[PDB]
Amino acid sequence: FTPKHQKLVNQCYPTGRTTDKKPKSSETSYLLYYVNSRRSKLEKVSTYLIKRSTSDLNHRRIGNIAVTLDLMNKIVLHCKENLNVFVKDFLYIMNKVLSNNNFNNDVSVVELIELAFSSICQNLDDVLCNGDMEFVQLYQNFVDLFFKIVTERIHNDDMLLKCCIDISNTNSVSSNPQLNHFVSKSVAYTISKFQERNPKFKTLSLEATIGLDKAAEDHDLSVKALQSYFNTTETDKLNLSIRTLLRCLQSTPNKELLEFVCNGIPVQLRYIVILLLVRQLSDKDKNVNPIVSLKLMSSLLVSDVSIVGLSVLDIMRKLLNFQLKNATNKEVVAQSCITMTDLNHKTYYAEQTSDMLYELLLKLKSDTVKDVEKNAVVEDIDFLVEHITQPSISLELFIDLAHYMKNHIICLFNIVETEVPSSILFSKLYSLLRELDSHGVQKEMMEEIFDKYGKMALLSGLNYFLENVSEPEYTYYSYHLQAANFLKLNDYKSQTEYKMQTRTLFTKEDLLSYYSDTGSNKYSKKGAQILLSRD
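Residues numbered from 1 in each chain as written, not as in the entry; some residues may be left out. Heavy atoms only, no water.

This entry lists X-ray crystallography as its structure determination method and reports a resolution of 3.204 Å.

Our working rule: UniProt positions are given in the numbering used here, feature names are shortened, and annotations may be inferred rather than shown by experiment.
By the naming in the PDB entry, the protein chain is Protein EFR3, taken from Saccharomyces cerevisiae. The record lists its title as "Crystal structure of Efr3". According to the UniProt record, the Sequence similarities comment for the protein chain reads "Belongs to the EFR3 family."

Rendered as structure tokens:
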């Protein structure tokens, strides 16, 4: 007695004892039809494949096993929408084959095995991923055996790369606890085998077409694996992939590798990398060099790699805070002093630069912070302004900041492009200008202030310095000098020189004599106005 399924399945096999057996065409077609018709047939046919392939394992016939694996592949592909019926069976058989040292040798067997595995992984439902435990152990066993065999008996790293791609193509493995580690070990292996070929990325370059998007033209399999694990919108997979990347990057620090893999990662959410890098500082591991991660952040932020939608403020605040907690090191303070500005390298929005500086100012104003935080922030603003190429300051911020570092105010002033300031802001500016260490700084400051706002500085300076100054100071005389220089008046300059070399002050009348004729001074009317309209 031979039931139909048994006869069909057996009818798919050739007669001999050869090892290059390919399943007979028409018979396997009709078999596929038969199992695809009613799902009751898949049960029978799959179970029968288990028993039969067991007998073929015993009598040690490779051909029948090859045909078997081929059939299994074709069935998986044909009966996808019912895959959860027979997957555990096929996996049991594949593991049983792999567990057999008489079938491990043959390369074709392992090839067909991997093929069946790829066709499986590509069509899985999360149903067994989460519900069934036996399936989890069969999958686990398969991956373990496959690595343990290909590494030792097949000696074909390409097989392992294909397996990594299979795991990557499996549904929600990165979202599964029991099967999580396989993603990590896969990424680790493809990385280490991508640093094996192209050993350039094994270099210790950490300070100073390349893209992966253009490297996917096809070719090396390692790159295909990288694209498989990094070029993805699946957040979990990318989480684990990046984490493993950073981990394998602590051992072989390479900025170009990071650049490459980032070129692989979808442009949209690359910010996540940075986040993890930042988190890498907060980590308690102690086998992680924070300096390495900082330099890697820097290397990333400087280059062409677009990092859309970065929470610049948040990241900066985190870096700064980390620098304040550990502030007694040249490395923790300087590499942060560098990365912090390296992050401003690109302008995500106009308010950012100001905001950055502002975040520091607020920390400086409070007396809660320790001396070394003061010093560190000072050096930070120092570096920032040293790297701020073009103007972006609200004059008030320039004032609050000016109070704290009188050495680098000039530079800060070159960043203020407020075309029109308030009349009070002027008096503030002057009032702080009076409180300055050197007269050189006061001189050049007065000069540039006049340069930017000739009319407004003339008038506001006139009023202010007339009212407030009651004793010979440098700022007073420098104002009158710059005013005379702006009005191109020899008598004004001469008199100022007198009042300066004799420590005397100007009176309302003396200054009135310069704002007398509109043909001699364009601004005579407003000047005289504010000169006599007060007291």
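There is more to say, and it comes next.
1. Re the nonpolar core
For soluble globular proteins, the rule of thumb is that nonpolar side chains tend to be buried together. What counts is decided by this rule: In these notes, a set of buried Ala, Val, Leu, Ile, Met, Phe, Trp, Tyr and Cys residues joined through side-chain atoms within 4.5 Å is what counts as a nonpolar core. Buried, partly exposed and exposed residues are distinguished by accessible area as a fraction of the type maximum, computed with a 1.4 Å probe on protein chains only: under 20%, between the cut-offs, and over 50%, respectively. Helix numbering and strand numbering both begin at the N terminus, where a helix is a DSSP run of H or I of at least 4 residues and a strand a DSSP run of E of at least 2.
Judged by nonpolar contacts, the single largest core of 114 residues is most densely connected at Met 94, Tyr 139, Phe 146, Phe 230 and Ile 274. Counting residues per element, this core draws most heavily on helix α8 (residues 133-154), which supplies 12 residues. The next biggest cluster of nonpolar side chains, apart from the first, holds 61 residues, and it includes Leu 429, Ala 457, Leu 458 and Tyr 476.

2. Description of the domain arrangement of the protein chain
The cut-off we apply is this: By convention here, the domain bounds are inherited from an automatic or database domain assignment.
Structurally, the protein chain comprises domain 1 (1-79), domain 2 (80-176), domain 3 (177-265), domain 4 (266-348), domain 5 (349-417) and domain 6 (418-535). A C-alpha centroid distance of 58 Å is found between domain 2 and domain 5.

3. Re the packing of helix α6 (residues 107-121) against α8
Using the following cut-off: Here an angle of 0 to 180 degrees is reported between the N-to-C directions of two axes, which are lines fitted to C-alpha atoms, with helices fitted over the stretch in contact. By definition, turning the near helix anticlockwise from the far helix through less than a right angle yields a left-handed crossing, and turning it clockwise yields a right-handed one. By the convention used here, residues are in contact when the closest approach between their heavy atoms is within 4.5 Å. Residues were grouped as follows: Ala, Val, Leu, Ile, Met, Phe, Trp, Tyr, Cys and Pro as nonpolar; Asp, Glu, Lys and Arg as charged; and all remaining residues, including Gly, as polar.
The N-to-C vectors of α6 and α8 enclose an angle of 145°; their axes lie 12 Å apart at closest approach. Considering only the axes of α6 and α8, their crossing is left-handed. For the pair formed by α6 and α8, the contact residues are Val 107, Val 110, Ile 113, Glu 114, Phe 117 and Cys 121 on the first element and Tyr 139, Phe 142, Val 143, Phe 146, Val 150 and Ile 154 on the second. Per-class residue counts for the contact of α6 with α8 are 11 nonpolar, no polar and 1 charged.

4. Some points on unusual backbone geometry
With phi around 55°, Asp 218 is a residue other than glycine that occupies positive phi space. With respect to the element layout, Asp 218 can be found in the loop between α10 (180-192) and α11 (221-230).

5. Regarding the pattern of salt bridges
To keep it simple, the criterion reads: The working definition used for a salt bridge is a side-chain nitrogen of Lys or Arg within 4 Å of a carboxyl oxygen of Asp or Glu.
Within the structure shown, the criterion is met by 14 salt bridges. In this structure, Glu 134 and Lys 88 form a salt bridge, with 3.1 Å as the shortest nitrogen-oxygen distance. With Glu 134 in helix α8 and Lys 88 in helix α5 (residues 87-98), this pair connects stretches of sequence that are 46 residues apart. Judged by relative accessible area, which is 49%, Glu 134 ranks as partly exposed. We classify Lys 88 as partly exposed; its relative accessible area is 21%. Via salt bridges that share partners, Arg 52, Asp 56 and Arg 61 belong to a single interconnected network.

6. Some words on the packing of aromatic side chains
As a reminder of what qualifies: To pair, rings of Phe, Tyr and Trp, with the six-membered ring standing in for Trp, must have centres within 6.5 Å; the planes then decide the type, stacked if under 30 degrees apart, edge-to-face if over 60, and tilted in the middle. By definition, being over a ring means that NZ of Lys or CZ of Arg is both within 6 Å of the ring centre and within 35 degrees of the ring normal.
Under the counting rule described, the total for this entry stands at 25 aromatic pairs. Between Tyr 492 and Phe 506, the aromatic rings sit 6.2 Å apart at their centres with planes inclined by 80°, giving edge-to-face as the arrangement. Of this pair, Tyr 492 sits in helix α26 (residues 490-501) while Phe 506 sits in the loop between α26 and α27 (508-512), and the two are 14 residues apart along the sequence. A relative accessible area of 7% means that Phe 506 is categorised as buried. Sitting above the plane of the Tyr 13 ring, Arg 52 keeps its charged end 3.6 Å from the centroid. In this arrangement the basic side chain of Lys 499 is found over the ring face of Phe 506, its NZ or CZ atom lying 5.1 Å from the centre.

7. Points about helix α9 (residues 157-169)
The cut-off we apply is this: Each helix should span, by expectation, one fewer than its residue count multiplied by 1.5 Å.
Between its first and last C-alpha atoms α9 spans 18 Å; for 13 residues at 1.5 Å apiece the expected length is 18 Å, and the two agree. Turning to α9, its buried residues are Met 159, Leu 160, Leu 161, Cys 163, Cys 164, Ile 165, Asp 166, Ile 167 and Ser 168. Buried positions along α9 lie against α6, α8, α10, α11 and α12 (235-251).

8. What to know about the side chain of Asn 263
Mapped onto the secondary structure, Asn 263 falls in helix α13 (residues 255-264). Ignoring sequence-local partners within four residues, the contact set of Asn 263 consists of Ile 210, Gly 211, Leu 212, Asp 213, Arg 270 and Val 305.

9. A few points about a nonpolar patch on the surface
We apply this condition: Residues qualify for a patch when their relative accessible area is over 30% and they have no salt bridge, like charges being joined within 9 Å and the nonpolar side chains of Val, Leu, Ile, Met, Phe, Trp and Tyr within 5 Å. Surface exposure here means Shrake-Rupley accessible area, sampled with a 1.4 Å probe, where a residue is shielded only by the protein chains that are shown.
Among the surface-exposed residues, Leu 313, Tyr 348 and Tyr 349 lie close enough to one another that they form a single nonpolar patch of about 230 Å² accessible area. As for its position among the elements, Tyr 349 is in the loop between α17 (330-342) and α18 (352-365). On the accessibility criterion, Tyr 349 (34% relative accessible area) is partly exposed.

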